[PDB]
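What follows are structure tokens for two forms of the same protein chain, given separately as structure 1 and structure 2.
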Structure 1
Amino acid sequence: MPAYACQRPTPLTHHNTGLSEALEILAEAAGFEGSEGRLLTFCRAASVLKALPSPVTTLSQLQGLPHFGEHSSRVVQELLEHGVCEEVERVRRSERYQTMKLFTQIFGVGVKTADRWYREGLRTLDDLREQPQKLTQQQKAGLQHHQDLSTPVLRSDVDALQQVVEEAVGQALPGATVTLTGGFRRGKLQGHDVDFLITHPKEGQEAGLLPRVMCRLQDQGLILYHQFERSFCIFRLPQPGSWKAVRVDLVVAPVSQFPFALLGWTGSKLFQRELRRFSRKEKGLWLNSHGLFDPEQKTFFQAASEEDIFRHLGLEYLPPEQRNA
């Protein structure tokens, strides 16, 4: 079992779901306390279990697995022996965890803001609504739309939405294309946001495109909230006899960068962090969603495909549905 998540296929559904969920509770709780290293270890350990070919039934099966040490192994041991891990349950029922989780679900609210509100004594969404002086306009929109944004969108919704986005994009710039990225490209049937990547086959024609797209979507009445090359929005999505708010991200890239942007926005979040860590630490190359830089030659690798990028990093190709780290 290789040490980086980008070195191993990770499917969306797997054979260790309960174990991985428990470790991800501990990862989440570490992040709420600002312990990013511990968050990464617990996330990586969870992802190792997602990549295994069969269920873990005995503690011996953890021997030699990367990112399993004393703590993660004890968590698994307790789940295997008793069906529950006391540490995980203590986290689940703690006021700190429950409130930090609730607050960081709000669009516009990160750990730092949530922690500040927690220390100020706030605990519920209504607590925040009663103090609107404390909220940015972004947080006000996230709070108003929180209920809708808590419910998953289906792939059928995504497809109808893509058609709406494509019409606006085609008026903004004929020939420009829209590609579905994010979790739905990785095979999810349900999800909580929708990601689209926009480009044009003629290098440079995409300059200035995103404002033109947003203005047209706004004119069509589809934008419930928006604040360039990335737009993090709340869209109005049709529902039987009504509608609901959905989180939608729109990104523009020049076609020369499209393989890097697609690889970037397809995720998963942990996959991306692991891939960029691997690139820098193992290959000495600096990766982002624009390109791949050799700091010794001071050159950029001109990729024509995601397959090109994996080859250049010396990795076996992973299709998007095996990037669910």
Structure 2
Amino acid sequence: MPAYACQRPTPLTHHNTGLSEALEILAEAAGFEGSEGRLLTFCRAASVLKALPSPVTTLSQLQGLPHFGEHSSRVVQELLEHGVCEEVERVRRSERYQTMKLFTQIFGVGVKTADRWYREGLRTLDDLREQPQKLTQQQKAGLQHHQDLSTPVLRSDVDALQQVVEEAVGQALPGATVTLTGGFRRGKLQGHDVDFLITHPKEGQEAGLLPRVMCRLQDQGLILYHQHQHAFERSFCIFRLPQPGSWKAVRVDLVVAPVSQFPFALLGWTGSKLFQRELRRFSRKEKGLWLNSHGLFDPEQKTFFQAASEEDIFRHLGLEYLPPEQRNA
């Protein structure tokens, strides 16, 4: 099995959900303690299990797989032998993990903020609301809509949001396109948000598109929050999704890319996070090129690769093309 997640297909549905879940809990906890290497190691190990053709029912199947150190093996062994791992259940039961999970999953809260808050004695969502001076407006919006934002976004939500986003961008700029990116492009049936990458075939026509799109969405009562970040023109939003009788808040990321950058932006925003990380490490270490969401830079030559498609980027990196549904690392 190749070393980099970008060299191997990782389908949406795989055979070792319980095992990788457990290693991802440890990665996540390692992340919560600012232990980046450990996170990456647990994350790489988890994606190895996702890439396996068969369910791992005996530890004998774990013998001789890459990035798969003694710690990850031990976790898998305990799960196979006793149906549970004590280190995993300890993390799962710990107030520290539970709280960090609680805080970091709130819109606009990363690890640093969550940790700070933890250290200052905050534990619950109601604690945060008793301290509104401590919250950005984004985080306040995240808290106001936390229940809805903890509700998985379904494919049918995505279709409805794509329609309104397409309407608003078509109305704002004819010819402008909307591409579903993120997990839903990779085949996921649920998600934490919907990611859209917006562009226009004529370079430069996308200029000031986002605010036009935003005004239109806003004018229809569809926007609960947005924050224009002007890096790509982007807005990480909360939409008011109408539903039969009800409505629900849904996280939407709108990203505008100029068409020359669109392939890179698509590749980057499609993920998975680990897949992209793996692809960027691969590009750096194995090919001496710096990949990001804007381009593929050669630092020796000081050049940028021109791509018309994601296929071009893969081809240029010496990798077999992986469609999005096989990037679920």
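Only the largest set of C-alpha atoms that superpose within 1.5 Å between the two forms is called the rigid core. Residues are numbered by position in structure 1's sequence, first residue being 1. Shifts are known only where both forms have a C-alpha.
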Keeping the rigid core superposed, can you check how far the CA atom of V255 moves between the two structures, in angstrom? 1.1
Cα displacement of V178 between the two structures, core-superposed (Å): 0.6
Core-superposed CA shift of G64 between the two structures, in Å, is 2.3
Residues present in both forms, rigid core superposed: which consecutive runs of three or more show CA displacements of 2 Å or more between the two structures? 57-64
